[PDB]
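Contents: one structure, followed by commentary.
Here the Cβ positions follow ideal geometry from the backbone for every residue, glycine too, while neighbour counts run over all protein chains shown. Values in this text are rule-based calculations from the coordinates and carry no lab data.
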């Protein structure tokens, strides 16, 4: 919006970059049984037969 | 695990670190 000044835009950008860094952190740190699920393209195979 | 942290920042706020050192309105 044009009403916002440059300092207000700076504050909004600071909050936005903080939340994007939060997203990146959640992506990197989340791990299940020694597997970083949301950190690399791959495929999981579940043996559901005899 | 190790190195799984969030960093918080602390800025020293006082008269010197704000330019309000010597603020006078009289001679």
I need every pair where a residue in chain B that is away from chain A (no Cβ under 14 Å) and at positive phi has its Cβ under 7 Å from the Cβ of a residue that is assigned to a loop (DSSP other than H, G, I, E, B) and surrounded by 10 or more Cβ atoms within 10 Å (Cβ to Cβ), sequence separation at least 6 or different chains.
none
What are the pairs, 6+ residues apart or on separate chains, where a residue within region A:19-39 that is free of Cβ contacts under 8 Å to residues at least 24 places away in the same chain and within 13 Å of chain B (Cβ to nearest Cβ) has its Cβ under 6 Å from a residue that is in a loop (DSSP other than H, G, I, E, B) and surrounded by fewer than 11 Cβ atoms within 10 Å (Cβ to Cβ)?
A:29/B:4
Is it the case that residue A:7 is part of a helix (DSSP H, G or I), within 16 Å of residue B:1 (Cα to Cα) and more than 13 Å from chain B (Cβ to nearest Cβ)?
no
